């Protein structure tokens, strides 16, 4: 009953409905769509539409245009639950599943654990990519039991926090917030792991 990815939603969806469209500033700002704001500039919203049961609603239309946007919000208002759910599934496939699959090949298995570890996997996969090595590295040289959900959580969240500057060299202006986030998610995930059982 724990929605996968709930721990980090405030950083990803931030309470947006599935009809939320934002126009980007700059020549290449484009438009961003839905709960997770799929960027047209990054090709993401186009890929999602290719796979969507709503594909044909958008036939002949292109993102970041008035017409596309009318269709997008019509679908959001007629199918808020369907649209939201499919958007979440698209993010799951493009991140969560990929990280789950790669960790499986590197030897790491989670079939399955408390929502907390899976919220860690989700969060970490969306923030660093479906093929990130950050979890596998946080856990490097470690017998895969004597490893509780709690140890796992502490390990990768401590890893994220100390590598904030290495991982974000180019952006020293956003360090303070990026560290606050890793700390904040550590606390949330530990609370969730307990409420788990």
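Numbering follows the first chain given and starts at 1.
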Notebook entry, point to check: What stretch has the higher average Cα B-factor here, 141-149 or 160-168?
Noted result: 141-149
Checklist line | 57-65 versus 124-132 - greater average Cα B-factor per the deposited record | finding: 57-65
Item checked: Criterion, highest CA B-factor; candidates, 117, 71, 108, 98 -> 108
Checklist line | Ranked C-alpha temperature factor of residue 45 among modelled chain residues, by third | finding: lowest
Next item on the list: Just say lowest, middle or highest third for the CA B-factor of residue 104 relative to the other modelled residues in its chain.
Entry: highest
Check: Against its chain's modelled residues, does residue 113's Cα B factor rank lowest, middle or highest third?
Finding: highest
Next item on the list: Divide the modelled residues of the chain into thirds by Cα B-factor and specify which third, lowest, middle or highest, holds residue 22.
Entry: middle
